[PDB]
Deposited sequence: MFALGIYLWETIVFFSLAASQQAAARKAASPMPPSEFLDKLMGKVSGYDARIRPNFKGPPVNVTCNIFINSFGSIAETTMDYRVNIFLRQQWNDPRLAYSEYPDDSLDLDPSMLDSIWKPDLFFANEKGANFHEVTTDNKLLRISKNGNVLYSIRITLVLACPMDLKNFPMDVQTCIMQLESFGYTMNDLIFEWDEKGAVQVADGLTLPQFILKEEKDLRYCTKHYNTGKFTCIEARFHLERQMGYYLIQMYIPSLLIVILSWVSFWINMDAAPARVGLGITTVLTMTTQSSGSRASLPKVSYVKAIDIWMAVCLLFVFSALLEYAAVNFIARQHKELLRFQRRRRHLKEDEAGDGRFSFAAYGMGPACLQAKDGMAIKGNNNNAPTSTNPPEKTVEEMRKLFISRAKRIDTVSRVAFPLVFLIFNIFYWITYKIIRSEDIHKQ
């Protein structure tokens, strides 16, 4: 007979199936297997603190009833329009800004009922998940994107869902994300929302993102360093050349001020301090201190002992400033590597 009408027979008014009643009512909890496939991952935004994913949610659960066992066909495909008839678990996302279904040509929803009573339900969804992130160490940060599936109004005694045994989370290859790189650990855990009403089920899949330092290393870090090196040539310039040294020193100060001012527009718009800010502030200190010594030495030589003292101060700061800059660099880089390692 026509396959669709057989389904009508199964879920129709004649037979006592009420879509509003959980399978195994007043009984053992319904177990739901969950499989997630990520088509596209991207659009991470630091300001609004959300990223966008397109996924293929796949729930598997067993229904005691709705087992026909008298048909040649081994499975039945329900029409996507009349999806109200089957009881579907109310699975939502705890950290959801907004999500909607797809209607490109037909509903991207597939439901298949096996002979024994297994139900396979697949839904293609696009989601704006909200993940808290921080930029304490902005060039070298490892953010974690948390995706959590939780029930709405059903307790542990009623509905339980957990991850599939193998291949629970899969990702289509070649994401080519603009800033971060998606790692392949994809660790899975459990959450149990303990509320006043009772325990609620939750499962959680998190993803690790590691930010690439290509543009960050080549721009900002390398030019600042070079400008500090060019700041130190004033030491090697003879003391008598007052216009040449004053002009060079102030111009280098202007140069770094322009570099920082230009780079902040590219940088994220946050209010707490970051690592790049510390680096820029330290470079401003180095250029500023190098100008100050020139004005601290020229005063000394106009008022032959003073000449000797001035040249001594020149040579001392000549070998002092690179070595102190090296000590700063070693400590700064070591500290950030240790802190990122601690994070991971």
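Participant: Without any C-alpha position in the structure, which residue ranges of the deposited sequence would you list, numbering from 1?
Facilitator: Those parts of the chain that were deposited but carry no coordinates are 1-31, 335-400, 442-444.
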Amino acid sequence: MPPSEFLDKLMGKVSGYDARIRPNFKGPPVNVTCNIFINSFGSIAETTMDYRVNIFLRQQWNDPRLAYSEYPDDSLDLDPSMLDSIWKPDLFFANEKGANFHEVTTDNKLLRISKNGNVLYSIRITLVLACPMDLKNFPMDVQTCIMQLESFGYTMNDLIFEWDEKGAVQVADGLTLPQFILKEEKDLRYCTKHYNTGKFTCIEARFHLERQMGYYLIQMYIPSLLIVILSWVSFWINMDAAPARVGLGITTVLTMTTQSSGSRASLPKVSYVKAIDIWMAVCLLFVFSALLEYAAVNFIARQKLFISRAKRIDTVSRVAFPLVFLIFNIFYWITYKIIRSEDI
From here on, numbers count along this sequence of modelled residues.
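What we label the rigid core is the largest C-alpha set whose atoms superpose within 1.5 Å from one form to the other.
Participant: Which stretch is more displaced from the shown form in 8 other deposited structures of this protein, 130-138 or 90-98, with RMS over structures and residues of Cα positions after a rigid core fit?
Facilitator: It is 130-138 whose C-alphas lie farther from the shown form in 8 other deposited structures of this protein.
Participant: Stretch 150-158 versus stretch 229-237: after rigid core alignment, which one is farther off in C-alpha RMS in 8 other deposited structures of this protein?
Facilitator: It is 229-237 whose C-alphas lie farther from the shown form in 8 other deposited structures of this protein.
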